[PDB]
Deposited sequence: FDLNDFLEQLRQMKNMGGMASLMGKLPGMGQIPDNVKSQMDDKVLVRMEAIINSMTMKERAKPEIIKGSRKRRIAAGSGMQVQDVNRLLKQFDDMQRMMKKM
């Protein structure tokens, strides 16, 4: 389960916006998204880094469910 699968599910518009700024590698293996990329992703989507942090957290929570849900 990854961002691709999370993407496949207004607050919803921005979320997409954040994911539409990542590379394929980032979507498939989210844990590689650190300081420099979050920043690339936030500016690239007109969002704040903390916006990206929340997005990744909501994704994390779900990724946890997949295997225990």
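Going by the record, the unmodelled stretch of the deposited sequence is 10-42, and nothing else is missing.
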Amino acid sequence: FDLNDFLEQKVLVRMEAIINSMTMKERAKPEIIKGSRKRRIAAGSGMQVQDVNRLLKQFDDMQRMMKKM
From here on, numbers count along this sequence of modelled residues.
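Higher mean CA temperature factor, per the PDB entry, when comparing 25-33 with 39-47: 25-33. Between the stretches 55-63 and 16-24, it is 55-63 that shows the larger average CA temperature factor.
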